[PDB]
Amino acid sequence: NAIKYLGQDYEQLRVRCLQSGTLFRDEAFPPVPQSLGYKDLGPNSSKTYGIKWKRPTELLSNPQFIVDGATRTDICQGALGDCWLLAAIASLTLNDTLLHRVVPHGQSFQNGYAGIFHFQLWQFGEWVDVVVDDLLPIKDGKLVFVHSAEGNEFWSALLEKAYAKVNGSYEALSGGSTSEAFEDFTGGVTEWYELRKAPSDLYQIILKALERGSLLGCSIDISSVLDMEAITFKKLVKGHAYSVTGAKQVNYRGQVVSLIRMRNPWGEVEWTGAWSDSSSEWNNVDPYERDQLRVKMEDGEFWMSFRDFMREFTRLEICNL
């Protein structure tokens, strides 16, 4: 069982509020400017213009914690540089057991709701249970930071808030290592690969890791300094954390091709090359595999041949449990 972060007891607080007919207000991470940031998101920064704090129950009639499952498409980056964290959460959703530990399912905005939620995070050698009240940064009636493709789903926004909490603020989440989040969601350890000097069996390593439920991420190195999140001509993003969400060898024109699937945590802007959603490669793949693997949707997720992946990406991270 997880340790209580800052001694905060989710069940107790929830019961206490539920009994007092009140909603939880987190003293350890209040809906104040400091919780948003200190510099670019500081009290006197224009980026915080119009940002207010509101509970989902104050925005919609029936907000939901989880809708159609807690999946990777529920992770769509907002106005914050926490791609590393979001790619980790999206990868986390693929390991059903760990996902259910980090994200306690069964939390709802209906039965037993008292404006409080909790999440488990592995922090400095131990699993800790972190609580947050459900006040979230909103602007123009929309979540400012992470949001699900589904506007009425809030589990991911709440998880990001809990992660911001352990970091002192949302701004503190700007800039980071996907490896760190992978480990904080698993208690596992990340091994990194320099794709230009990778094992001949790297694809097999990726296959086995995905099957085991390890978390995988990848990125393109940025040596141009300020080309951070620069979109390439083929619509890959540099200095940006991607979730490696799949890998399968497919029967193509009667042959076998090694593909890798990844997801841009933005939830949009996808590779336009071979194997992308509407690419012609799919016309010559087995009708069943095409149906199982290819989804024509601007959801940030797409396939690439392993060769193109090795040619376009510079690093791969595998966090094994």
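So that there is no doubt, residue numbering starts at 1 and follows the sequence shown.
Colleague: Which has the higher mean CA temperature factor in the PDB entry, 269 to 277 or 55 to 63?
Modeller: Averaged over C-alpha atoms, the B-factors run higher in 55 to 63.
Colleague: Can you let me know which of the two, 102 to 110 or 176 to 184, has the higher average C-alpha B-factor in the entry?
Modeller: According to the PDB entry, the answer is 102 to 110.
Colleague: Among the candidates 148, 224, 167, 190, give the one with the maximum CA B-factor reported in the record.
Modeller: Answer for 148, 224, 167, 190: 224, with the highest C-alpha B-factor.
Colleague: Take the CA temperature factors straight from the PDB entry and tell me which of 262, 293, 259, 41 peaks.
Modeller: The listed residue with the largest C-alpha B-factor is 41.
Colleague: Split the chain's modelled residues into thirds by Cα B-factor; is residue 91 in the lowest, middle or highest one?
Modeller: For residue 91, the deposited C-alpha B-factor lands in the lowest third.
Colleague: For residue 212, does the deposited CA B-factor place it in the lowest, middle or highest third of the chain?
Modeller: Highest third - that is where residue 212 ends up once the chain's C-alpha B-factors are sorted.
Colleague: Against its chain's modelled residues, does residue 245's Cα B factor rank lowest, middle or highest third?
Modeller: Within its chain, residue 245 is a lowest-third residue by C-alpha B-factor, going by the deposited values.
Colleague: What third of its chain, lowest, middle or highest, does the C-alpha temperature factor of residue 160 fall into?
Modeller: Bottom third by C-alpha B-factor.
Colleague: Quick check on the deposited entry: does the C-alpha B-factor of residue 11 sit in the lowest, middle or highest third of its chain?
Modeller: Answer is highest: the recorded C-alpha B-factor places it there.
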